[PDB]
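In the block that follows, a single chain appears as structure tokens, in the form deposited in one PDB entry.
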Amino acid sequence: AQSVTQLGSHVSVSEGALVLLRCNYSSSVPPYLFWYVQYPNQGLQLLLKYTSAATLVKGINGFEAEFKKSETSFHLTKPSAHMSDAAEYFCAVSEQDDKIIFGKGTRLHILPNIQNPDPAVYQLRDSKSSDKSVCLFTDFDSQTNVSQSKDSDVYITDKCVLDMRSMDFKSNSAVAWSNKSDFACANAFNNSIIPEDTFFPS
């Protein structure tokens, strides 16, 4: 009964830190082992594989993995985490001399290094002449996280990281909105623990 196990469906790494994605297998005889990467709405790309040749296997872009029989492991590493490393990673193993079986996947999230945070909540108006608006919570660092709404008529998105290449500038943001006319941007993120210095323009 051969299997492959990846630890954690979602993992974080700080921008610039060592990348470590863990994979363990249960085969008695050593198997062939594979690491694949998948970007959004994209297919599977092979990074590297262990095919009973070298134990230290090297792949594209600084990826490596060492096959360790004594700990039944084949962990994927890269020396430094870059924003372009954000993807889902799958470990896989040969099985029954006839197929590859896949682990469940781990999505790697890269936490940008935000040296000068400028947390703020802004109100944005519809380009067309409704008075519809949304609220944008932006420019907070890595220690802020955004909580789900506790009010079923207010919608709040997960934090997303954008990378403005023109300015070599990354920033976090979350969006909130509601069809209540009274809903105010000062209250939109009241269920989240926000920075004490968040900017709330009048």
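Numbers follow the displayed sequence, beginning with 1. In this text, rigid core is short for the largest set of C-alphas that superpose within 1.5 Å between two forms. Residues that one form lacks are left out of the comparison.
Here the subject shifts to the form deposited with a partner chain bound, a form of this protein not shown in this document.
J.: Is the partner chain in the entry with it bound near all of 183, 186 and 190, within 4.5 Å of a heavy atom of each?
T.: None of them does, since no heavy atom lies within 4.5 Å of the partner.
J.: Taking the shortest heavy atom distance, is residue 30 within 4.5 Å of the partner chain in the entry with it bound?
T.: Result yes; residue 30 sits at the interface with the partner chain in the entry with it bound.
J.: Please check if residue 96 has a heavy atom lying within 4.5 Å of any heavy atom of the partner chain in the entry with it bound.
T.: The answer is yes: residue 96 has a heavy atom within 4.5 Å of the partner chain.
J.: Do residue 147 and the partner chain share at least one heavy atom pair within 4.5 Å in the entry with it bound?
T.: No, residue 147 sits far enough from the partner chain in the entry with it bound that none of its heavy atoms falls within 4.5 Å.
J.: Using 4.5 Å between non-hydrogen atoms, is residue 142 touching the partner chain in the entry with it bound?
T.: Close contact is absent here: in the entry with it bound, residue 142 is far from the partner chain, nothing within 4.5 Å, heavy atoms only.
J.: Upon rigid core superposition, which of the listed residues (28, 148, 143, 52) is displaced by 2 angstroms or more at its Cα between the shown form and the other one?
T.: Result of the comparison: 28.
J.: After superposition on the rigid core, which segments of 3 or more consecutive residues show C-alpha displacements of 2 Å or more between the shown form and the other one?
T.: 28 to 30 is the only stretch that shifts between the shown form and the other one.
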